>>> print(open('final_5.cif').read())   # mmCIF, C-alpha atoms
data_my_file
loop_
_atom_site.label_atom_id
_atom_site.label_comp_id
_atom_site.auth_asym_id
_atom_site.auth_seq_id
_atom_site.Cartn_x
_atom_site.Cartn_y
_atom_site.Cartn_z
CA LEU A 376 -4.66 74.54 20.23
CA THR A 377 -5.90 74.97 23.84
CA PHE A 378 -5.67 72.88 27.02
CA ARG A 379 -7.04 73.69 30.52
CA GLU A 380 -6.47 71.69 33.71
CA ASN A 381 -8.46 72.99 36.71
CA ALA A 382 -8.57 71.62 40.25
CA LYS A 383 -11.04 73.85 42.20
CA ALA A 384 -12.58 74.03 45.64
CA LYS A 385 -15.02 77.02 45.75
CA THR A 386 -17.22 78.13 48.69
CA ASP A 387 -19.80 80.93 49.08
CA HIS A 388 -20.76 82.23 52.60
CA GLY A 389 -17.82 81.27 54.86
CA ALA A 390 -16.62 77.67 55.51
CA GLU A 391 -13.34 75.67 55.71
CA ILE A 392 -11.46 74.37 52.62
CA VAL A 393 -8.98 71.50 53.15
CA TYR A 394 -7.10 70.83 49.89
CA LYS A 395 -4.39 68.08 49.54
CA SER A 396 -3.75 68.54 53.28
CA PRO A 397 -3.50 65.56 55.69
CA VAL A 398 -5.12 66.44 59.08
CA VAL A 399 -4.41 64.22 62.15
CA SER A 400 -6.09 65.26 65.43
CA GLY A 401 -6.32 61.74 66.94
CA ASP A 402 -3.49 60.06 68.88
CA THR A 403 -1.47 57.64 66.67
CA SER A 404 0.38 54.68 68.29
CA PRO A 405 0.69 51.43 66.27
CA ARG A 406 2.63 48.89 68.39
CA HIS A 407 4.73 45.81 67.52
CA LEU A 408 4.58 45.89 63.70
CA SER A 409 7.20 43.39 62.48
CA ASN A 410 8.02 43.16 58.78
CA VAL A 411 10.61 40.45 58.19
CA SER A 412 12.20 39.16 54.98
CA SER A 413 14.62 36.33 55.95
CA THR A 414 16.78 33.91 53.96
CA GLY A 415 19.29 31.54 55.63
CA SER A 416 19.20 33.66 58.85
CA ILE A 417 18.76 33.19 62.64
CA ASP A 418 16.41 36.10 63.43
CA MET A 419 14.91 37.13 66.75
CA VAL A 420 12.74 40.13 65.86
CA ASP A 421 10.47 41.80 68.44
CA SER A 422 11.10 38.70 70.64
CA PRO A 423 12.37 39.87 74.07
CA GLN A 424 13.54 37.19 76.54
CA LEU A 425 12.71 37.61 80.25
CA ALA A 426 14.06 35.05 82.80
CA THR A 427 13.65 35.28 86.60
CA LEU A 428 15.13 32.71 88.97
CA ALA A 429 14.40 33.92 92.51
CA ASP A 430 13.80 32.99 96.18
CA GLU A 431 15.40 29.57 96.95
CA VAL A 432 16.13 28.22 93.41
CA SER A 433 18.55 25.26 93.15
CA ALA A 434 19.92 23.15 90.26
CA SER A 435 17.42 24.79 87.82
CA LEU A 436 17.51 26.17 84.26
CA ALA A 437 15.66 28.78 82.19
CA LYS A 438 16.60 28.14 78.49
CA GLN A 439 15.40 30.79 75.97
CA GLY A 440 16.32 32.10 72.46
CA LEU A 441 17.60 29.96 69.53
CA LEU B 376 -1.27 77.89 21.46
CA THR B 377 -2.69 78.23 25.03
CA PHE B 378 -2.37 76.34 28.31
CA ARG B 379 -3.91 77.10 31.73
CA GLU B 380 -3.19 75.09 34.88
CA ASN B 381 -5.21 76.22 37.91
CA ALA B 382 -5.20 74.81 41.43
CA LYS B 383 -7.63 77.01 43.44
CA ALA B 384 -9.17 77.15 46.89
CA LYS B 385 -11.63 80.11 47.09
CA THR B 386 -13.93 81.23 49.97
CA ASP B 387 -16.25 84.25 50.17
CA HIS B 388 -17.07 85.67 53.69
CA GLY B 389 -14.26 84.53 56.01
CA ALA B 390 -13.10 80.97 56.91
CA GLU B 391 -9.91 78.79 56.96
CA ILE B 392 -8.04 77.47 53.88
CA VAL B 393 -5.53 74.61 54.36
CA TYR B 394 -3.67 73.97 51.08
CA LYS B 395 -0.92 71.26 50.62
CA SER B 396 -0.29 71.66 54.38
CA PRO B 397 0.14 68.67 56.76
CA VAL B 398 -1.54 69.43 60.15
CA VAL B 399 -0.82 67.22 63.22
CA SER B 400 -2.56 68.21 66.47
CA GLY B 401 -2.72 64.64 67.90
CA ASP B 402 0.07 62.94 69.88
CA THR B 403 2.26 60.63 67.75
CA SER B 404 4.00 57.60 69.32
CA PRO B 405 4.33 54.47 67.13
CA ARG B 406 6.28 51.86 69.19
CA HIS B 407 8.35 48.77 68.30
CA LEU B 408 8.15 48.97 64.49
CA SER B 409 10.75 46.46 63.23
CA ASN B 410 11.58 46.25 59.53
CA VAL B 411 14.18 43.56 58.86
CA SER B 412 15.76 42.30 55.64
CA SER B 413 18.18 39.47 56.61
CA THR B 414 20.31 37.19 54.46
CA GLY B 415 22.74 34.71 56.09
CA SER B 416 22.67 36.74 59.38
CA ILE B 417 22.34 36.25 63.17
CA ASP B 418 20.04 39.17 64.07
CA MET B 419 18.59 40.19 67.42
CA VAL B 420 16.32 43.14 66.55
CA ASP B 421 14.09 44.79 69.16
CA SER B 422 14.70 41.66 71.33
CA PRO B 423 16.09 42.80 74.73
CA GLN B 424 17.25 40.11 77.17
CA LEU B 425 16.51 40.51 80.90
CA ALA B 426 17.86 37.90 83.38
CA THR B 427 17.45 38.08 87.19
CA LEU B 428 19.01 35.53 89.53
CA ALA B 429 18.22 36.69 93.09
CA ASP B 430 17.67 35.67 96.75
CA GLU B 431 19.28 32.24 97.43
CA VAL B 432 20.01 30.97 93.87
CA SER B 433 22.42 28.01 93.62
CA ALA B 434 23.83 25.92 90.73
CA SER B 435 21.30 27.54 88.32
CA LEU B 436 21.34 29.03 84.79
CA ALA B 437 19.48 31.63 82.74
CA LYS B 438 20.44 31.07 79.05
CA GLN B 439 19.16 33.68 76.53
CA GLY B 440 20.26 35.11 73.13
CA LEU B 441 22.01 33.29 70.21
CA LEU C 376 1.87 81.40 22.68
CA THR C 377 0.44 81.62 26.27
CA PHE C 378 0.88 79.70 29.54
CA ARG C 379 -0.75 80.45 32.92
CA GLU C 380 0.07 78.43 36.04
CA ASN C 381 -1.91 79.49 39.14
CA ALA C 382 -1.82 77.94 42.60
CA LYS C 383 -4.14 80.20 44.66
CA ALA C 384 -5.76 80.26 48.09
CA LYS C 385 -8.19 83.23 48.41
CA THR C 386 -10.51 84.26 51.29
CA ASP C 387 -12.64 87.43 51.48
CA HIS C 388 -13.23 88.94 55.02
CA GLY C 389 -10.31 87.69 57.14
CA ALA C 390 -9.44 84.10 58.23
CA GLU C 391 -6.35 81.79 58.26
CA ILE C 392 -4.61 80.56 55.09
CA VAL C 393 -2.09 77.71 55.55
CA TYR C 394 -0.24 77.11 52.26
CA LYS C 395 2.51 74.42 51.70
CA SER C 396 3.14 74.74 55.48
CA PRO C 397 3.69 71.78 57.87
CA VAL C 398 1.97 72.50 61.25
CA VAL C 399 2.71 70.24 64.27
CA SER C 400 1.03 71.17 67.57
CA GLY C 401 0.85 67.61 69.02
CA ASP C 402 3.65 65.88 70.97
CA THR C 403 5.85 63.59 68.82
CA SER C 404 7.69 60.58 70.30
CA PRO C 405 7.99 57.52 68.00
CA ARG C 406 9.92 54.85 70.03
CA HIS C 407 11.96 51.76 69.07
CA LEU C 408 11.75 52.03 65.26
CA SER C 409 14.32 49.49 64.01
CA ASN C 410 15.14 49.37 60.31
CA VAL C 411 17.72 46.67 59.56
CA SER C 412 19.25 45.48 56.30
CA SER C 413 21.73 42.66 57.18
CA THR C 414 23.86 40.37 55.05
CA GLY C 415 26.17 37.77 56.63
CA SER C 416 26.17 39.81 59.91
CA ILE C 417 25.93 39.30 63.67
CA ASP C 418 23.65 42.24 64.63
CA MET C 419 22.26 43.22 68.02
CA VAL C 420 19.93 46.14 67.22
CA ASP C 421 17.71 47.75 69.88
CA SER C 422 18.33 44.59 71.98
CA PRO C 423 19.85 45.71 75.34
CA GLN C 424 20.99 42.99 77.76
CA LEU C 425 20.36 43.37 81.51
CA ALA C 426 21.68 40.73 83.96
CA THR C 427 21.25 40.92 87.77
CA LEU C 428 22.88 38.39 90.09
CA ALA C 429 22.15 39.52 93.69
CA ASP C 430 21.59 38.39 97.34
CA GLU C 431 23.18 34.94 97.93
CA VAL C 432 23.82 33.74 94.34
CA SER C 433 26.30 30.84 94.06
CA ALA C 434 27.68 28.77 91.15
CA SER C 435 25.09 30.36 88.80
CA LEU C 436 25.17 31.95 85.32
CA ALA C 437 23.24 34.50 83.24
CA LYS C 438 24.25 33.93 79.57
CA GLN C 439 22.91 36.59 77.11
CA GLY C 440 24.06 38.03 73.75
CA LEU C 441 25.99 36.07 71.10
CA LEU D 376 31.42 25.99 95.01
CA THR D 377 32.39 25.72 91.30
CA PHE D 378 31.20 26.97 87.90
CA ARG D 379 32.72 26.19 84.47
CA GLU D 380 31.54 27.89 81.27
CA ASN D 381 33.10 26.46 78.08
CA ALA D 382 32.63 27.37 74.41
CA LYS D 383 34.99 25.09 72.40
CA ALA D 384 35.79 24.40 68.78
CA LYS D 385 38.45 21.61 68.63
CA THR D 386 39.98 19.90 65.54
CA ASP D 387 42.52 17.07 65.17
CA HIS D 388 44.41 16.71 61.81
CA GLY D 389 44.28 20.19 60.26
CA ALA D 390 41.14 22.12 59.17
CA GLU D 391 39.63 25.65 59.41
CA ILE D 392 37.84 26.96 62.55
CA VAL D 393 35.42 29.88 62.11
CA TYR D 394 34.21 31.05 65.54
CA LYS D 395 31.72 33.98 66.03
CA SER D 396 33.11 35.39 62.74
CA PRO D 397 30.78 36.68 59.97
CA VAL D 398 32.20 35.73 56.51
CA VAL D 399 30.86 37.44 53.32
CA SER D 400 32.44 36.35 50.02
CA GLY D 401 29.33 37.00 47.85
CA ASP D 402 28.40 40.37 46.34
CA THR D 403 25.74 42.23 48.39
CA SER D 404 23.38 44.74 46.70
CA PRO D 405 19.82 45.10 48.13
CA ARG D 406 18.02 47.84 46.12
CA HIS D 407 15.03 50.10 46.90
CA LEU D 408 14.24 49.08 50.50
CA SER D 409 11.79 51.70 51.80
CA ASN D 410 10.83 51.68 55.47
CA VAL D 411 8.30 54.42 56.18
CA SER D 412 6.51 55.40 59.37
CA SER D 413 4.22 58.34 58.48
CA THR D 414 1.52 60.26 60.32
CA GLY D 415 -0.19 63.34 58.87
CA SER D 416 2.68 63.82 56.35
CA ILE D 417 3.03 64.37 52.57
CA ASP D 418 5.83 61.87 51.84
CA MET D 419 7.42 61.03 48.50
CA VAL D 420 9.92 58.27 49.38
CA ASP D 421 11.92 56.43 46.70
CA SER D 422 9.47 57.97 44.16
CA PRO D 423 11.50 59.84 41.48
CA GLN D 424 9.55 61.89 38.91
CA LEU D 425 10.73 61.87 35.27
CA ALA D 426 8.96 64.11 32.68
CA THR D 427 10.01 64.54 29.01
CA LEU D 428 8.18 66.88 26.64
CA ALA D 429 10.10 66.81 23.34
CA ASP D 430 9.97 67.20 19.53
CA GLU D 431 6.96 69.40 18.54
CA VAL D 432 4.97 69.50 21.83
CA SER D 433 2.24 72.16 22.01
CA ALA D 434 -0.31 73.20 24.67
CA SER D 435 0.49 70.05 26.77
CA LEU D 436 1.08 69.11 30.44
CA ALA D 437 2.93 66.45 32.42
CA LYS D 438 1.57 66.56 36.05
CA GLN D 439 3.45 64.43 38.65
CA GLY D 440 4.11 64.31 42.44
CA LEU D 441 1.68 65.35 45.25
CA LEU E 376 35.04 29.41 95.27
CA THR E 377 36.16 28.63 91.66
CA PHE E 378 35.03 30.02 88.29
CA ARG E 379 36.42 29.10 84.83
CA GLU E 380 35.31 30.83 81.62
CA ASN E 381 36.86 29.44 78.40
CA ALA E 382 36.30 30.42 74.78
CA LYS E 383 38.68 28.21 72.73
CA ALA E 384 39.46 27.47 69.11
CA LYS E 385 42.11 24.68 68.88
CA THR E 386 43.60 22.93 65.80
CA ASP E 387 46.35 20.31 65.55
CA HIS E 388 48.37 20.10 62.24
CA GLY E 389 48.17 23.57 60.67
CA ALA E 390 45.02 25.39 59.42
CA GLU E 391 43.25 28.80 59.67
CA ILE E 392 41.46 30.09 62.82
CA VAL E 393 39.04 33.04 62.44
CA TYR E 394 37.85 34.17 65.90
CA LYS E 395 35.38 37.10 66.50
CA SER E 396 36.65 38.52 63.16
CA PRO E 397 34.36 39.91 60.39
CA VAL E 398 35.73 38.89 56.94
CA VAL E 399 34.32 40.64 53.82
CA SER E 400 35.84 39.58 50.48
CA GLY E 401 32.70 40.24 48.35
CA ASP E 402 31.79 43.64 46.88
CA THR E 403 29.20 45.47 49.04
CA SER E 404 26.88 48.06 47.43
CA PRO E 405 23.35 48.36 48.89
CA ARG E 406 21.47 51.06 46.88
CA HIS E 407 18.48 53.31 47.64
CA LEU E 408 17.75 52.26 51.25
CA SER E 409 15.28 54.85 52.61
CA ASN E 410 14.35 54.81 56.29
CA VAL E 411 11.81 57.54 57.04
CA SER E 412 10.02 58.50 60.24
CA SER E 413 7.72 61.48 59.45
CA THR E 414 5.10 63.42 61.38
CA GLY E 415 3.33 66.48 59.99
CA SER E 416 6.10 66.89 57.35
CA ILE E 417 6.46 67.48 53.61
CA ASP E 418 9.27 65.01 52.76
CA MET E 419 10.89 64.23 49.42
CA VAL E 420 13.32 61.44 50.24
CA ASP E 421 15.31 59.63 47.54
CA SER E 422 12.84 61.18 45.02
CA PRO E 423 14.83 63.13 42.37
CA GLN E 424 12.88 65.18 39.81
CA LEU E 425 14.04 65.25 36.18
CA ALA E 426 12.23 67.50 33.65
CA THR E 427 13.22 67.94 29.98
CA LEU E 428 11.41 70.33 27.65
CA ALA E 429 13.24 70.26 24.30
CA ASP E 430 13.08 70.69 20.48
CA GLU E 431 10.05 72.87 19.56
CA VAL E 432 8.11 72.93 22.88
CA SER E 433 5.40 75.62 23.16
CA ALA E 434 2.83 76.62 25.81
CA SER E 435 3.66 73.43 27.81
CA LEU E 436 4.38 72.42 31.46
CA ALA E 437 6.22 69.76 33.44
CA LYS E 438 4.87 69.99 37.04
CA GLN E 439 6.71 67.77 39.58
CA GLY E 440 7.46 67.88 43.33
CA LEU E 441 5.07 69.27 45.93
CA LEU F 376 38.99 32.21 95.65
CA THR F 377 40.01 31.43 92.00
CA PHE F 378 38.87 32.90 88.66
CA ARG F 379 40.21 31.94 85.19
CA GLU F 380 39.08 33.74 82.02
CA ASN F 381 40.60 32.44 78.74
CA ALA F 382 39.97 33.47 75.15
CA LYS F 383 42.42 31.34 73.08
CA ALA F 384 43.07 30.54 69.44
CA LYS F 385 45.77 27.82 69.12
CA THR F 386 47.19 26.06 66.04
CA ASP F 387 50.07 23.56 66.03
CA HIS F 388 52.29 23.52 62.86
CA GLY F 389 51.87 26.98 61.30
CA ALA F 390 48.76 28.67 59.76
CA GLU F 391 46.88 32.05 59.94
CA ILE F 392 45.08 33.22 63.11
CA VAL F 393 42.64 36.16 62.77
CA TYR F 394 41.50 37.27 66.25
CA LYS F 395 39.04 40.19 66.94
CA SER F 396 40.25 41.64 63.59
CA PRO F 397 37.98 43.10 60.84
CA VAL F 398 39.29 42.06 57.36
CA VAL F 399 37.76 43.82 54.30
CA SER F 400 39.28 42.81 50.94
CA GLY F 401 36.15 43.51 48.82
CA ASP F 402 35.17 46.91 47.37
CA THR F 403 32.63 48.73 49.60
CA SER F 404 30.32 51.36 48.03
CA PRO F 405 26.84 51.66 49.60
CA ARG F 406 24.91 54.36 47.63
CA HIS F 407 21.85 56.53 48.41
CA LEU F 408 21.22 55.42 52.01
CA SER F 409 18.75 58.01 53.40
CA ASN F 410 17.87 57.95 57.10
CA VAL F 411 15.31 60.67 57.91
CA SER F 412 13.56 61.57 61.14
CA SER F 413 11.26 64.58 60.43
CA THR F 414 8.72 66.49 62.49
CA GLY F 415 6.92 69.58 61.13
CA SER F 416 9.57 69.96 58.36
CA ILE F 417 9.89 70.60 54.61
CA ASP F 418 12.72 68.16 53.74
CA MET F 419 14.30 67.48 50.37
CA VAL F 420 16.74 64.63 51.12
CA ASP F 421 18.70 62.90 48.33
CA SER F 422 16.15 64.42 45.88
CA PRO F 423 18.14 66.49 43.31
CA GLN F 424 16.12 68.50 40.78
CA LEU F 425 17.31 68.68 37.15
CA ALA F 426 15.44 70.89 34.63
CA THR F 427 16.45 71.33 30.95
CA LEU F 428 14.64 73.77 28.66
CA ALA F 429 16.48 73.74 25.29
CA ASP F 430 16.20 74.16 21.47
CA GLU F 431 13.15 76.34 20.60
CA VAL F 432 11.23 76.35 23.93
CA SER F 433 8.58 79.10 24.27
CA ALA F 434 6.02 80.06 26.98
CA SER F 435 6.83 76.78 28.82
CA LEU F 436 7.65 75.80 32.42
CA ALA F 437 9.44 73.13 34.46
CA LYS F 438 8.14 73.36 38.09
CA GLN F 439 10.00 71.09 40.59
CA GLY F 440 10.74 71.19 44.35
CA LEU F 441 8.51 72.96 46.87
#
>>> encode(input="final_5.cif", output="structure tokens")
Amino acid sequence: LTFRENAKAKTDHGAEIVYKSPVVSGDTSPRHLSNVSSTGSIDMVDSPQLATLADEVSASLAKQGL
Amino acid sequence: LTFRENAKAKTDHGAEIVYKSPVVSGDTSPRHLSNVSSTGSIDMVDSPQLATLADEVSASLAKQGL
Amino acid sequence: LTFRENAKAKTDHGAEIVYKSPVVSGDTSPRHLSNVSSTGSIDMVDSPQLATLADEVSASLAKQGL
Amino acid sequence: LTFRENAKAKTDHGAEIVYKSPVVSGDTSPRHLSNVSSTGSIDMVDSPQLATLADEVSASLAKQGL
Amino acid sequence: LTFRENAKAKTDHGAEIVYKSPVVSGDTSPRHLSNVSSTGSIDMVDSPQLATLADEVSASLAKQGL
Amino acid sequence: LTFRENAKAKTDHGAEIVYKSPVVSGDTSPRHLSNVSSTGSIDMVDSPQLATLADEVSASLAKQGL
């Protein structure tokens, strides 16, 4: 009884072989990927709060969040 | 009884072989990846709070968060 | 009874072989990766709080956090 | 010039107050949460490999992983 | 100038107060949480390899891993 | 100039007060939490390798790991 498994990359006359090899030359920058699984929760995810009150502000409110 | 497993990369006449080898030449900067699993929770994730009150502010409120 | 396992990278006439070898030449700076598993919790993760009250601020509030 | 900040929980005639206090009476067991940020990598995450060859096995292969 | 900050929990006639106090009565056992940030890497994370060859095994292979 | 800061828990007629106090009565046993940050690395994390060759095994291989 005989079994053969072969995985082959074969080149004559001089060129590159890339075998099971991830190559990343480009710049990689995914931004703001939110994966959320929530039950019964109060979640602020990727949800920054910016408030500015400035230059002669009276009797005034910024209300943010939950 | 016979078995052969072969994994081969073969080049005649002089060039690169990259075999099972991760190559990263590019710049890597993923930003703000939030993965959240929340049950019954009060979560602020990746959610900075900035408040400025400045230059003649009276009787005034910034309300942020939870 | 016979077994042969071969994993082979072969080049004639002189060039690079990279075998099972991580190569990182690029700059690496992933930023703000938040992984959160929360049950029944009050979690501030990657959620800094900055408050400035400055230059004639009276009877005023920045409320942030929990 | 006056400011008053109040957070109040008030009870007449005898009952529990739970204030900013996480309470977990249930059993907590999240299983197999994989968070993966990958660039140019060979990653096996949460990916066990089980191989059994048993009881009269001849000239045979189990091939797993990357 | 006057400022008052109050955080109050008040009960008449005898009962529990839980204030800024985490309470965990349940059994806590999260399992197999993998958080992975990978660049240009060969990572086996939470990925055990089990191989059994047993009871009359001839000319045979379990190949696992990388 | 006047400032008052109060944090108060008050009960009339005798019962428990838990103030800024972690209470853990449950059994705590998180298992197999892997946090991995990898650049240019060959990492086996929480990835044990078990190989058994037993009871009439001939010309046979378990290959695991790297």
>>> closest_residue(input="final_5.cif", among="D:388, D:404, D:422, D:434", to="chain B", atoms="only C-alpha atoms")
D:434
>>> calpha_fit_rmsd(input="final_5.cif", fixed="chain A", moving="chain B")
0.2 Å
>>> resolve_selection(input="final_5.cif", expression="the PyMOL selection byres ((chain C and resi 406) around 12)", output="PyMOL selection string")
(chain A and resi 404-407) or (chain B and resi 403-409+421) or (chain C and resi 403-405+407-409+421) or (chain D and resi 412) or (chain E and resi 412) or (chain F and resi 412)
>>> residues_near_point(input="final_5.cif", point="(-7.6, 77.6, 22.3)", cutoff="6 Å", atoms="all atoms listed in the file", output="number ranges by chain")
A: 376-377; B: 377
>>> axis_aligned_box(input="final_5.cif", around="segment 385-393 of chain D", padding_each_side="4 Å", output="JSON")
{"center_x": 39.9, "center_y": 23.3, "center_z": 63.9, "size_x": 17.0, "size_y": 21.2, "size_z": 17.5}
>>> atom_distance(input="final_5.cif", atom1="atom CA of residue 394 of chain C", atom2="atom CA of residue 394 of chain B")
4.8 Å
>>> resolve_selection(input="final_5.cif", expression="the PyMOL selection byres ((chain C and resi 414) around 8)", output="CSV table (one decimal) with C-alpha atoms, in the coordinates of the input")
chain,number,residue,atom,x,y,z
B,413,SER,CA,18.2,39.5,56.6
B,414,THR,CA,20.3,37.2,54.5
B,415,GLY,CA,22.7,34.7,56.1
B,416,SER,CA,22.7,36.7,59.4
C,412,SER,CA,19.2,45.5,56.3
C,413,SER,CA,21.7,42.7,57.2
C,415,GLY,CA,26.2,37.8,56.6
C,416,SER,CA,26.2,39.8,59.9
D,399,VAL,CA,30.9,37.4,53.3
D,403,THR,CA,25.7,42.2,48.4
>>> closest_residue(input="final_5.cif", among="D:387, D:392, D:441, D:397", to="residue 417 of chain B", atoms="only C-alpha atoms")
D:397
>>> atom_distance(input="final_5.cif", atom1="atom CA of residue 428 of chain A", atom2="atom CA of residue 429 of chain B")
6.5 Å
>>> atom_distance(input="final_5.cif", atom1="atom CA of residue 383 of chain E", atom2="atom CA of residue 389 of chain F")
17.5 Å
>>> resolve_selection(input="final_5.cif", expression="the PyMOL selection byres ((chain A and resi 380) around 6)", output="PyMOL selection string")
(chain A and resi 379+381) or (chain B and resi 380)
>>> closest_residue(input="final_5.cif", among="B:402, B:391, B:378, B:385", to="residue 433 of chain E", atoms="all atoms listed in the file")
B:378
>>> residues_around(input="final_5.cif", residues="residue 424 of chain B", least_positions_apart="2", cutoff="6 Å", atoms="all atoms listed in the file", output="count of residues only")
3
>>> closest_residue(input="final_5.cif", among="E:390, E:410, E:401, E:437", to="chain C", atoms="only C-alpha atoms")
E:410
>>> closest_residue(input="final_5.cif", among="C:398, C:393, C:384, C:440", to="residue 420 of chain B", atoms="all atoms listed in the file")
C:440
